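Participant: This one is entry-v4.cif, mmCIF, C-alpha atoms.
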data_final
loop_
_atom_site.group_PDB
_atom_site.id
_atom_site.type_symbol
_atom_site.label_atom_id
_atom_site.label_comp_id
_atom_site.auth_asym_id
_atom_site.auth_seq_id
_atom_site.Cartn_x
_atom_site.Cartn_y
_atom_site.Cartn_z
ATOM 1 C CA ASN A 542 50.411 106.754 69.561
ATOM 2 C CA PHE A 543 48.025 106.758 66.602
ATOM 3 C CA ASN A 544 49.737 104.950 63.708
ATOM 4 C CA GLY A 545 53.138 106.087 64.978
ATOM 5 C CA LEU A 546 52.148 109.717 65.669
ATOM 6 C CA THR A 547 52.853 109.971 69.389
ATOM 7 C CA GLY A 548 51.255 112.758 71.380
ATOM 8 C CA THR A 549 48.995 113.688 74.260
ATOM 9 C CA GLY A 550 45.472 115.019 74.530
ATOM 10 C CA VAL A 551 41.813 114.145 74.964
ATOM 11 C CA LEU A 552 40.008 112.235 72.215
ATOM 12 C CA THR A 553 36.337 113.022 71.613
ATOM 13 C CA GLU A 554 33.687 112.467 68.966
ATOM 14 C CA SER A 555 34.446 114.386 65.774
ATOM 15 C CA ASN A 556 31.879 116.294 63.717
ATOM 16 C CA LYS A 557 34.363 116.630 60.851
ATOM 17 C CA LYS A 558 33.535 115.653 57.279
ATOM 18 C CA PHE A 559 36.497 113.398 56.499
ATOM 19 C CA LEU A 560 36.382 111.809 53.077
ATOM 20 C CA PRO A 561 37.165 108.077 53.199
ATOM 21 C CA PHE A 562 40.858 108.390 52.247
ATOM 22 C CA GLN A 563 42.627 110.366 54.992
ATOM 23 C CA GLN A 564 44.742 109.577 58.031
ATOM 24 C CA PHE A 565 45.458 113.018 59.503
ATOM 25 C CA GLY A 566 43.520 116.184 60.170
ATOM 26 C CA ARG A 567 46.079 118.967 60.715
ATOM 27 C CA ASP A 568 43.305 121.564 60.584
ATOM 28 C CA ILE A 569 45.319 124.706 61.375
ATOM 29 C CA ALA A 570 48.994 125.699 61.721
ATOM 30 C CA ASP A 571 51.007 122.436 61.963
ATOM 31 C CA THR A 572 49.028 120.771 64.757
ATOM 32 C CA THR A 573 47.202 117.512 64.101
ATOM 33 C CA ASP A 574 43.518 117.868 64.986
ATOM 34 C CA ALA A 575 41.570 114.767 63.916
ATOM 35 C CA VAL A 576 42.894 111.255 63.315
ATOM 36 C CA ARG A 577 41.157 108.409 61.519
ATOM 37 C CA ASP A 578 41.067 105.341 63.749
ATOM 38 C CA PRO A 579 43.316 102.770 62.020
ATOM 39 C CA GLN A 580 41.270 99.738 63.109
ATOM 40 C CA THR A 581 37.835 101.398 63.300
ATOM 41 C CA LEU A 582 37.824 103.942 60.420
ATOM 42 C CA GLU A 583 36.377 106.590 62.737
ATOM 43 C CA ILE A 584 37.569 110.174 63.120
ATOM 44 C CA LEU A 585 38.722 111.152 66.617
ATOM 45 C CA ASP A 586 39.281 114.787 67.523
ATOM 46 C CA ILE A 587 42.461 115.632 69.428
ATOM 47 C CA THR A 588 42.471 118.444 71.979
ATOM 48 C CA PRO A 589 45.672 119.007 73.985
ATOM 49 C CA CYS A 590 45.868 118.656 77.741
ATOM 50 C CA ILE B 850 42.386 131.095 65.735
ATOM 51 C CA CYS B 851 42.252 132.363 69.315
ATOM 52 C CA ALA B 852 41.556 128.909 70.762
ATOM 53 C CA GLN B 853 44.328 127.440 68.592
ATOM 54 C CA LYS B 854 46.946 129.401 70.578
ATOM 55 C CA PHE B 855 47.317 126.346 72.789
ATOM 56 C CA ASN B 856 51.085 125.870 72.902
ATOM 57 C CA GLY B 857 52.491 128.380 75.374
ATOM 58 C CA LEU B 858 50.918 131.532 73.991
ATOM 59 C CA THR B 859 48.233 133.075 76.195
ATOM 60 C CA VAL B 860 46.382 136.369 76.514
ATOM 61 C CA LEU B 861 45.886 137.711 80.021
ATOM 62 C CA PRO B 862 42.720 139.802 80.352
ATOM 63 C CA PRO B 863 43.160 143.502 81.134
ATOM 64 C CA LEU B 864 42.910 144.480 84.778
ATOM 65 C CA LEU B 865 40.201 147.033 83.951
ATOM 66 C CA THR B 866 37.322 145.378 82.110
ATOM 67 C CA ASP B 867 35.792 147.440 79.330
ATOM 68 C CA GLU B 868 32.592 147.830 81.318
ATOM 69 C CA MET B 869 34.067 149.431 84.446
ATOM 70 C CA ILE B 870 36.313 151.507 82.192
ATOM 71 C CA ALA B 871 33.095 152.982 80.800
ATOM 72 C CA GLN B 872 32.377 154.126 84.356
ATOM 73 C CA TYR B 873 35.639 156.091 84.357
ATOM 74 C CA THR B 874 34.694 157.889 81.146
ATOM 75 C CA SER B 875 31.192 158.360 82.547
ATOM 76 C CA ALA B 876 32.707 160.048 85.598
ATOM 77 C CA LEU B 877 34.869 162.243 83.369
ATOM 78 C CA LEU B 878 31.811 163.220 81.329
ATOM 79 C CA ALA B 879 29.755 163.797 84.476
ATOM 80 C CA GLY B 880 32.405 166.071 85.960
ATOM 81 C CA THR B 881 33.108 167.990 82.759
ATOM 82 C CA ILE B 882 29.438 168.760 81.996
ATOM 83 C CA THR B 883 28.332 169.618 85.547
#
Please express what this file holds, its structure, as structure tokens.

Facilitator:
Amino acid sequence: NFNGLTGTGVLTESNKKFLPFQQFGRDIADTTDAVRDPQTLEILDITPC
Amino acid sequence: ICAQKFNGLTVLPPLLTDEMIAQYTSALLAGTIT
């Protein structure tokens, strides 16, 4: 339930290149991919079940 | 991309792989030249 964005999946380490002012990835289509950790400032990849 | 077709959409592989299909065409060539 990252910052109000509920969903399901597996969270792994992200090799993305997030600049320091994002909250959402949404890499392709309209599916969120990577999320910045609100209380850690780390990017977590999201892969569905 | 192909892996991004998560939600619902899938692609079943063909029953005849395109390496045993090449045996069918090989048989057709073998018959038609001998």

Participant: List the residues matched by the PyMOL selection byres ((chain B) within 12 of (chain A)) in the displayed structure as an MDAnalysis selection string, ordered by chain and then by residue number.

Facilitator: chainID B and resid 850:857

Participant: I need the residues from that last selection saved to file as a PDB file, in the coordinates of the input (with C-alpha atoms), if you can.

Facilitator:
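Saved file result-v2.pdb follows:
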ATOM      1  CA  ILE B 850      42.386 131.095  65.735  1.00  0.00           C
ATOM      2  CA  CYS B 851      42.252 132.363  69.315  1.00  0.00           C
ATOM      3  CA  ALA B 852      41.556 128.909  70.762  1.00  0.00           C
ATOM      4  CA  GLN B 853      44.328 127.440  68.592  1.00  0.00           C
ATOM      5  CA  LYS B 854      46.946 129.401  70.578  1.00  0.00           C
ATOM      6  CA  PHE B 855      47.317 126.346  72.789  1.00  0.00           C
ATOM      7  CA  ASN B 856      51.085 125.870  72.902  1.00  0.00           C
ATOM      8  CA  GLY B 857      52.491 128.380  75.374  1.00  0.00           C
TER       9      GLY B 857
END

Participant: Would you kindly identify which residues have an atom no farther than 12 Å from (36.4, 110.0, 54.1), using all atoms listed in the file and the file's own coordinates, and write them out as a PyMOL selection string?

Facilitator: chain A and resi 557-566+576-578+582-584

Participant: Restricted to C-alpha atoms, what would the selected residues look like written as a PDB file, in the coordinates of the input?

Facilitator:
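Wrote it out as again_32.pdb, contents follow:
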ATOM      1  CA  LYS A 557      34.363 116.630  60.851  1.00  0.00           C
ATOM      2  CA  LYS A 558      33.535 115.653  57.279  1.00  0.00           C
ATOM      3  CA  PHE A 559      36.497 113.398  56.499  1.00  0.00           C
ATOM      4  CA  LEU A 560      36.382 111.809  53.077  1.00  0.00           C
ATOM      5  CA  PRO A 561      37.165 108.077  53.199  1.00  0.00           C
ATOM      6  CA  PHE A 562      40.858 108.390  52.247  1.00  0.00           C
ATOM      7  CA  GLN A 563      42.627 110.366  54.992  1.00  0.00           C
ATOM      8  CA  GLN A 564      44.742 109.577  58.031  1.00  0.00           C
ATOM      9  CA  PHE A 565      45.458 113.018  59.503  1.00  0.00           C
ATOM     10  CA  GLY A 566      43.520 116.184  60.170  1.00  0.00           C
ATOM     11  CA  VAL A 576      42.894 111.255  63.315  1.00  0.00           C
ATOM     12  CA  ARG A 577      41.157 108.409  61.519  1.00  0.00           C
ATOM     13  CA  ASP A 578      41.067 105.341  63.749  1.00  0.00           C
ATOM     14  CA  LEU A 582      37.824 103.942  60.420  1.00  0.00           C
ATOM     15  CA  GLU A 583      36.377 106.590  62.737  1.00  0.00           C
ATOM     16  CA  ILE A 584      37.569 110.174  63.120  1.00  0.00           C
TER      17      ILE A 584
END

Participant: Rounded to one decimal in Å, what is the spacing between CA of residue 551 (chain A) and CA of residue 587 (chain A)?

Facilitator: 5.8 Å

Participant: Contacts of residue 585 (chain A) at 6 Å or less, counting all atoms listed in the file, minus same-chain residues fewer than 2 places along, as an MDAnalysis selection string?

Facilitator: chainID A and resid 552:555 575:576

Participant: Suppose we keep C-alpha atoms; can you now write the selection as a PDB file, in the frame of the given file?

Facilitator:
ATOM      1  CA  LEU A 552      40.008 112.235  72.215  1.00  0.00           C
ATOM      2  CA  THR A 553      36.337 113.022  71.613  1.00  0.00           C
ATOM      3  CA  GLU A 554      33.687 112.467  68.966  1.00  0.00           C
ATOM      4  CA  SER A 555      34.446 114.386  65.774  1.00  0.00           C
ATOM      5  CA  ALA A 575      41.570 114.767  63.916  1.00  0.00           C
ATOM      6  CA  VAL A 576      42.894 111.255  63.315  1.00  0.00           C
TER       7      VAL A 576
END

Participant: Grab the CA of residue 881 (chain B) to CA of residue 866 (chain B) distance for me, in Å with one decimal place.

Facilitator: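 It comes out at 23.0 Å.
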
Participant: What is the distance between CA of residue 546 (chain A) and CA of residue 581 (chain A), in Å to one decimal?

Facilitator: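 These two atoms are separated by 16.7 Å.
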
Participant: Using the file's own x, y and z axes, what box holds all listed atoms of region 853-872 of chain B with 6 Å on each side, keeping edges along x, y and z, and what are its centre and edge lengths in Å to one decimal, as AutoDock Vina command-line options?

Facilitator:
--center_x 42.4 --center_y 140.0 --center_z 76.7 --size_x 32.1 --size_y 40.3 --size_z 28.2
